[PDB]
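In what follows, a single structure is set out as structure tokens and then discussed.
Only the coordinates and a few stated rules stand behind these numbers; no lab work does. Cβ coordinates were reconstructed from backbone atoms using ideal geometry, including for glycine residues, and neighbour counts include every protein chain displayed.
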Amino acid sequence: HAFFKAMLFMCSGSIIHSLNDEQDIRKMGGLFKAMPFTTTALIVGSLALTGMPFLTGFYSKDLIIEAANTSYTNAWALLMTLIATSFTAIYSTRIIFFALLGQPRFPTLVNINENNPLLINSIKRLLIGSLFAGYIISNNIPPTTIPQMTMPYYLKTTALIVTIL
Amino acid sequence: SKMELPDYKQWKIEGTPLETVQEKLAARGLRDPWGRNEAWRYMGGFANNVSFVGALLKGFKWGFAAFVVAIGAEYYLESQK
Amino acid sequence: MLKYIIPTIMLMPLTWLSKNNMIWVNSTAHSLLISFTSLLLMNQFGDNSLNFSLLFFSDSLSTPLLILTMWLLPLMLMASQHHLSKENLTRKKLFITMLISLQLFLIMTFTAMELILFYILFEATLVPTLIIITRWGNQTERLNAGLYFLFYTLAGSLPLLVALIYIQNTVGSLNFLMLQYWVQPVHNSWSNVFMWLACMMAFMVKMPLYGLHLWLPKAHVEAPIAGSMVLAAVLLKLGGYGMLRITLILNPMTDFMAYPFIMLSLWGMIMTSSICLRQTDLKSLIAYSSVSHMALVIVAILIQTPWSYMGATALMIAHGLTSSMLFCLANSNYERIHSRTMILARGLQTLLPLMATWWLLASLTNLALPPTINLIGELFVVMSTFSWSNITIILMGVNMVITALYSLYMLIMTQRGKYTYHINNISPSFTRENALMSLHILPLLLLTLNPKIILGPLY
Amino acid sequence: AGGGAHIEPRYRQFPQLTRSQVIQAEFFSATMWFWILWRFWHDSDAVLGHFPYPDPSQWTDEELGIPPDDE
Amino acid sequence: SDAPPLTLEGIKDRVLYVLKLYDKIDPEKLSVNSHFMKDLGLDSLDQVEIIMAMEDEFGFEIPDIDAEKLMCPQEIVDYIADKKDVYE
Amino acid sequence: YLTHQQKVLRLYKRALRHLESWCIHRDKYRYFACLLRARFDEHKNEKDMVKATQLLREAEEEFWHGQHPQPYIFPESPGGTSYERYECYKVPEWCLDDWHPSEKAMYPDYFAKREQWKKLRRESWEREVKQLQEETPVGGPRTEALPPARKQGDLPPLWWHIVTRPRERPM
Amino acid sequence: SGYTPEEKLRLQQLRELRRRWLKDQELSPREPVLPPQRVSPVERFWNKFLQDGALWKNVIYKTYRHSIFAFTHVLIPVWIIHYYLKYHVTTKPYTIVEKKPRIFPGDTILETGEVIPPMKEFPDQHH
Amino acid sequence: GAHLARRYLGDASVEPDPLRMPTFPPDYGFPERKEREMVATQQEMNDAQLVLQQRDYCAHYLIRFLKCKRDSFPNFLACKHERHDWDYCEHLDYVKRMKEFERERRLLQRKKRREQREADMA
Amino acid sequence: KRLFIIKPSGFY
Amino acid sequence: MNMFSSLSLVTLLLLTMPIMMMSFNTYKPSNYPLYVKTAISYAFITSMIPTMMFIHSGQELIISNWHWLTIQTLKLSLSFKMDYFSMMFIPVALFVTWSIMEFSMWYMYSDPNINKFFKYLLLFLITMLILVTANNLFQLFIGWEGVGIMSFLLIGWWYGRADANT
Amino acid sequence: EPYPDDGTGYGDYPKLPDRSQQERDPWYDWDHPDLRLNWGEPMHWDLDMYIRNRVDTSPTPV
Ligand SMILES: C[C@H](CCC(=O)O)[C@H]1CC[C@H]2[C@@H]3[C@H](O)C[C@@H]4C[C@H](O)CC[C@]4(C)[C@H]3C[C@H](O)[C@]12C
Ligand SMILES: *C(=O)CCCCCCCCCCCCC
Ligand SMILES: [Zn+2]
């Protein structure tokens, strides 16, 4: 979670500086092509948060839902977790739609610059880490439990179905 | 410096969603005075924009191309030696 | 202990026989040399105390209170140089004489092996303290402050005098070493209930106990800077030191007689901390902070566990440096704006960048940020009171929340925000002011590395 | 700060870009999709299923050793 | 902050450039000195939209106690100039 | 006190902003801003003064019920995300009288120039005091705002802090 | 109901003072009048050695900056820590406690030559 | 889960309680019930420092896999074959502990038939 | 375009 | 044991070097943000070596280097636990912090007190690592309260903003 | 309006409305902008509780 949650804030920070310290998404949009590099990382991270298969976050987030669904757990608590996972996609899509797609609501005279090497490298390294960190850690940490891998077809992809839904 | 403002006689509401507002406010006897003030947001580079599905699919044509060649590349030295 | 008594007496001739323009320099310098020599009192053994003679001795409880006392005198002379600037020379040399005489009574009080010798010097500190408050206070309320500070103490000290003498006629000696071997248990009779109160109420008033604290907001607020520093740094610890000694001869009656005084302290701890949230006077806010902090010492002393005594000693020393520092910081603002109202000068961090750093460090220790000795002492008392009753964690946890609220509120109302527009005489921080704060905090922060020297006899 | 390409803030218009920005921005996007596609191919079990879930309905009363109802 | 400082000439050019897409003020009649009630006769409520147009162009929002007092495209430059410490 | 004209104008200013926050999109803002603009035109010709007030007390109530629960705020206004963000950098100007010479010499032009303003204020102050006392009712001042410079040479009374206020973006 | 005649006059008068005051807030090319700053000869070498662009040599210069950094901030501290650990910490009991290594069947102990018999036969299958 | 609806909305004395799993008599009922073999008896398990819970039955499978990891380092991608072997063994172990669920569930629907047969005999 | 930053005396 | 232990403390010692030098031992304020950023970079590399060894052989050890205070039968020693949780988290936190400081050099470039800001960003990291590698509760409590107070200062960075102090 | 003469010690101190300092015109030119007061204005009995860092009483949408 540290890799991609941190990445989103830096990408969010990039949008803030360009738009003259504007944080309201209701004064943004149409930045998909204006700032392609921030757009790539922001979309990359927003997918990591939502749990795209084989991407840092899937190797931890999805494993939790599989263990949660298949455990002697609390029924209502389980339902809250699954409903929340769906809410992750909704507000994540809110950030992308209101700040990358559509037409730009921001003012006329604005300095939208992204070529600063410090800004790019800071995002770039986490962008690399935001994709490969999950695979590396999951394949190097020694086993410490007996994970559950056999389950009904609907308890092995509920997180994938709900987020897509 | 003496930054130059682009010529103002190029903000055409027609051909943009701001025009459809004129088609609507005409039905009641009124006009949108600031339609040409918002016109710069729909024309030029800002004209059109990828959809949400297209945004996710950014840079997928190349990746799939690498995937197809990559799997085939492994296949070559898979059952050969 | 003559090696520290005689030098302290010789400061008075030094002040009077010094040049008219060198009274502050000479007294400050030689008082620092006496403080340096006090480090020899740390020759403490694990089984026996350092017994000098029939009159004086110094154990691990008296040693930290002696070093803080002798270290505080140099710092009181620096703080007094401003408001004693248009004062005539003879009265300036009388003011220093009172401060020296107060240290002389204090070090002998902390080393008196006889509990009646302890009582005389214990009461002897009232005379110079009263003179400092009433003769060199700035307000009309200083005269009323002295009466409250005088009659609250004597209302409880005189019963102690009778109780101490009654004990001598019964045991045969008030020498502390003898009492450790001749102490007998106290029966549960009405006569011993009032013997308990007489031996304890003299120290509850000075701590002070909640309910019997109304003199502190009047004495600590109307006193000059030197008076407030000693009042809150050492003279409050005279009550704590008294209980730690005299509770030896009150068992097992302290098991139930302490309940009324634990509820006054545990609850009064919350009340006085709450009062600081709404104070309109910066000096008064710090005065009520001492009441909240000293409520822990009363609880620790009255539950009598090895961890409570260790925490109480570290708390008394920790509060001594912090409380004195806060009064000095509050006085630097007063020396400029000449008003104690807290909401009169704001945003001072913009005009005095370095003095704001001292405010932060002072506030953090006040709210017991680890690993400062402020936290070590408070933490140990919390561990001991939990075993005394697991429910006390609710009260001592709520106090932590309130303590952080009023300490940082003090740091936000004066240092942050917008500077006052109509105040234009906020001159930069003098070297005297900056050095005064550095001497409070550096030893306070340094004691963290080797804190066993302030953990008392039960370490 | 930094290199400072100093792309001037233009008035109402599409903001200016640079060759490096688009090339690298598009580069990782290709890598993300390749990484998703590549790992899906080799290990699709970890994303769909590891071992078929055995339905206990399509079983028999003998492998479980259920005693006869008539004793 | 990496935002170039606003020049005094830049503000005035922007002000007119705002008051040239209104479709309610004659482009050939409006100048630096052009009232909204005494010279070109504009609606009072149109000032609010004119003021709102300026705020969305400069970011900072003018209070509704001196914004009402501004009906003179030059005076809008006067107010904006003495809200960003622009002296040249 | 506000005038009945201003109250309607204010409620129009708020309505578009709150209306804008609901719409987000610029195209939908124009389609709906005009309709709100239209509704004011209906009673814009009203000249009753007893039913205009009646509608205004229903105009504010209509606005309140449908006001946004999180209106957009420009990020330097009383409620924005950068309001007073630079007040810690706005040091006064009188603090430079306390600078040390070893560091005052760092800017020989600046402090030589400063003495001009102090002279321009020290000499001008007595004239500024005189002007205010002679343009005020015997009882006392009744409103804000001050007389400007009447003759030549004299600067407006009470000008030092207004002119010399810290720059809004010190650093 | 805009500005009364007085108000416009006052604002312009103040604006004439305000924009002059802000003009005073500029530094002449000499300002600040810095004192005579000494430059170390090591600084002189690199300032004269870099001068022009010469992108090829800047790779080494960063190495010099990193070589010093890896010396005073990594090599010196690790020497102190290793000396501290190897001669003051490890010379006392249980200051450093290691979780004993995971031993497996079919391995040799480097210290005593003991061999742990492998596990029994596996009744395993395919897939 | 799906049988939960059968125990909360539907009947109660049909599903087997997860915390009251078969207390029925011992292996009796299934002729010639065997004993599951253990490979790492006592010391092999307590030499790889296996977690207290991991060494259930497939400890030997786990021990074999952990041997590869300590050896394949830094080739972490390797040993994928051994992990599947250990995973598959636990998959069989999961079904075995899952057979006892249906096994007792049917033994309950059978036990009610005799209970109901005698109840309605009169 | 270097402006003068007004600061409290940092010498003391 | 020596390489694993030595490299697991130099990481904590390296991070403190910029803080110590703030006592005017090497006065280069303009380079301090880059000096602090580079220190995090080298800390990450030194952290990987003990991390890899744990990945290799599961090596894990305690380091009770300094005996601080003994309260009768409670011996409080400054003790560092180098295990799964610390070995894996330490590289991640430093790696993420590495990116943030580089980003801050740009985002916070115009701040008059960027040196002070980079000291506070580094004080938080030190207290976080004390929390992460703490072996006894009191030492954990030191870091636990440490992060809390640094958060207070950083949130109220623009101390003239009444909403930040609140 | 004096506080009620209930004997709690308010004396003849004006009972100003229990309005938070946050409920004051943020654009008006205050003598004390941070506190929103005018020099000489009588101060609320609980001014230190109604400063902008503390209890707020502004109207809420709900
Ligand atoms: C290596 C690093 C980055 C420069 C680069 O791109 O290589 C540079 C930036 C500023 C440098 C530091 C600063 O110059 C301050 C110190 C100067 C002395 O040479 C000791 C090391 C010292 C702490 C330097 C170490 C290192 O060379 C630094 C940290
Ligand atoms: C066993 O415990 C099942 C728990 C699963 C709870 C989530 C159910 C979600 C079902 C959504 C309807 C999908 C129908 C195909
Ligand atoms: Zn003074």
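Which whole number of Å³ per residue matches the convex hull of the alpha-carbon atoms in chain J?
Details: hull volume 23.5 nm³, N = 166.
Dividing the Cα hull volume of chain J by its residue count gives 141 Å³.
By the gyration tensor of its Cα atoms, with a ≥ b ≥ c the square roots of the eigenvalues, what is the shape of segment C:333-407: rounded for a/c under 1.5, prolate for a/b over b/c, or oblate?
Judged from the Cα gyration tensor, segment C:333-407 comes out prolate (a/c at least 1.5, a/b above b/c).
Using a simple charge model, +1 on the beta-carbon of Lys and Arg, -1 on the beta-carbon of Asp and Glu, nothing else, what dipole does the protein assembly as shown show about its Cα centre, in debye to the nearest 20?
In debye, rounded to 20, the protein assembly as shown gives about 3740.
Every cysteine in the protein assembly as shown with no other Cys Cβ under 4.7 Å from its Cβ, please list them in numeric order.
Isolated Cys, the protein assembly as shown: A:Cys11, C:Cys199, C:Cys276, C:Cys328, E:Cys72, F:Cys23, F:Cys34, F:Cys88, F:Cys95.
Given Cβ point charges of +1 (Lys, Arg) and -1 (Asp, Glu) and nothing else, what value in debye, to the nearest 20, does the dipole of segment C:78-158 about its Cα centre take? Before the final figure, lay out each step's value.
On the way: 6 positive and 4 negative charges, 88 e Å.
In debye, rounded to 20, segment C:78-158 gives about 420.
Among B:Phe52, B:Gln10, B:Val68, which residue has its Cα furthest toward the positive end of the charge dipole of chain B, with +1 on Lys/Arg Cβ and -1 on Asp/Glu Cβ?
Ranked along the dipole, the leading option is B:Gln10.
Shape verdict for chain F, please, from the Cα gyration tensor: rounded (a/c under 1.5), prolate (a/b greater than b/c) or oblate.
oblate
Quickly estimate the mean residue ellipticity at 222 nm for chain A, helices only: each DSSP H run with n ≥ 4 gives -39500 (n - 2.57), and the total goes over all residues, rounded to 500.
-18500 deg cm²/dmol
Out of the chymotrypsin sites (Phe, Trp or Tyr not before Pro) in segment A:72-165, which ones are loop residues according to DSSP with at most 13 other C-beta atoms within 10 Å?
The qualifying sites are A:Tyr72, A:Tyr153, A:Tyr154.
If r is the Cβ-Cβ distance from H:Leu108 to H:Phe76 and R0 is 51 Å, what FRET efficiency results, to the nearest 0.05?
Step by step, r from the Cβ atoms, then E = 0.60.
Between the helical axis of H:59-72 and the dominant principal axis of chain H, each derived from Cα atoms, what acute angle in degrees is found, rounded to the nearest 10?
So the helix axis and the longest Cα principal axis differ by about 30 degrees.
When Cβ neighbours within 10 Å are restricted to other protein chains, what is their mean count per residue of peptide G:46-59?
0
Would you tell me the mean number of C-beta atoms belonging to other protein chains that fall within 10 Å of each C-beta in C:425-433, as a whole number?
3
DSSP loop trypsin sites (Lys or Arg not before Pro) in segment B:1-35 with at most 11 other Cβ atoms within 10 Å of their Cβ, which ones?
Working: sites: B:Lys2, B:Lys9, B:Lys12, B:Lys24, B:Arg28, B:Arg31; in loops: B:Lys2, B:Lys9, B:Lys12, B:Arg31.
Answer in residue order: B:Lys2, B:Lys9.
Per q in 0.17 Å⁻¹, report the Debye log10 I(q)/I(0) for segment C:282-408, using one uniform scatterer on each alpha carbon and no solvent.
The Debye formula, applied to the Cα set alone, gives -0.85.
Would you give the gap between the C-alpha center of segment J:64-143 and the C-alpha center of segment A:121-145, rounded to a whole Å?
With segment J:64-143 and segment A:121-145 each reduced to a Cα centre, they are spaced 21 Å.
Hey, got a sec? Which trypsin sites (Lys or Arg not before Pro) in segment F:91-171 land in a DSSP loop and have at most 15 other Cβ atoms within 10 Å?
The qualifying sites are F:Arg142, F:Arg150, F:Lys151.
Between their Cα atoms, which of E:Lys84/F:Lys151; C:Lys86/F:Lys130; G:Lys86/J:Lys81 are more than 27 Å away from each other?
E:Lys84/F:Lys151; C:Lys86/F:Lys130
What is the angle, in °, between the Cα long axis of helix H:80-119 and the longest principal axis of the Cα atoms in chain H? Nearest 10 is fine, range 0 to 90.
It works out to around 10 degrees.
What's the longest bit of chain C with no exposed trypsin sites (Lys or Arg not before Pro), using DSSP loop states and at most 12 other Cβ atoms within 10 Å as the test?
The answer is C:87-459.
In debye, nearest 20: dipole of chain C around its Cα centre with unit charges on the Cβ of K, R (+) and D, E (-)?
I would put it at about 1180 debye.
Going toward the positive end of the dipole of the protein assembly as shown, with +1 on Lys and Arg Cβ and -1 on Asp and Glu Cβ, which of E:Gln47, C:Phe327, J:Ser47 do you reach last?
C:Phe327
At 7 Å along Cα-to-Cβ for each site, give me the label-to-label distance between C:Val183 and F:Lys113 in nm.
7.7 nm
At a threshold of 8 angstrom on Cα-Cα distance, excluding pairs fewer than six apart, so keeping six or more, what relative contact order does segment C:17-130 reach in percent?
Reported relative contact order: 27 percent.
Determine, from the Cβ-Cβ distance of G:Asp24 and D:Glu26 and an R0 of 41 Å, the FRET efficiency 1/(1 + (r/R0)^6), rounded to the nearest 0.05.
Calculated transfer efficiency: 0.20.
If the cut-off is 27 Å between C-alpha atoms, which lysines fall inside it for H:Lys112, apart from same-chain ones fewer than 8 positions away?
H:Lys112 reaches H:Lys96, H:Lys99.
Less than 14 Å from a label point 7 Å out along the Cα-to-Cβ axis of G:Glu7: which backbone N atoms in segment E:35-69 qualify, by residue?
Flagged as within label range: E:63-69.
Please find the FRET efficiency linking F:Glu135 to F:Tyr72, where r is the Cβ-Cβ separation and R0 is fixed at 45 Å, and quote it to the nearest 0.05.
After rounding to 0.05, the efficiency reads 0.55.
Is there a simple number for the mean count of other chain Cβ atoms within 10 Å of the Cβ of residues in G:77-86, and what is it?
Mean shielding by partner chains, rounded to a whole number: 6.
Give the residue from K:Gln22, F:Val50, C:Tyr241 lying farthest towards the positive end of the charge dipole for the protein assembly as shown; charges sit on Cβ (+1 for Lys and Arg, -1 for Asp and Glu) and the dipole is referred to the Cα centre.
Going by the charge dipole, the pick is C:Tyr241.
Compute the angle between helix F:108-134 and the longest alpha-carbon principal axis of chain F, please, reported from 0 to 90 degrees and rounded to the nearest 10.
Between helix and principal axis, roughly 70 degrees.
What number, rounded to the nearest 500 deg cm²/dmol, is the helix-based mean residue ellipticity at 222 nm of chain H, given -39500 (n - 2.57) per DSSP H run of at least four residues and division by all its residues?
For chain H, the value works out to -16500 deg cm²/dmol.
Which value at 222 nm does chain F reach when only helices count, each DSSP H run of 4 or more adding -39,500 (n - 2.57), with the total divided by all residues and rounded to the nearest 500 deg cm²/dmol?
Roughly -17000 deg cm²/dmol at 222 nm, from the helical runs in chain F.
Which distance in Å, rounded to a whole number, links the C-alpha centroids of segment C:258-316 and segment J:30-58?
46 Å
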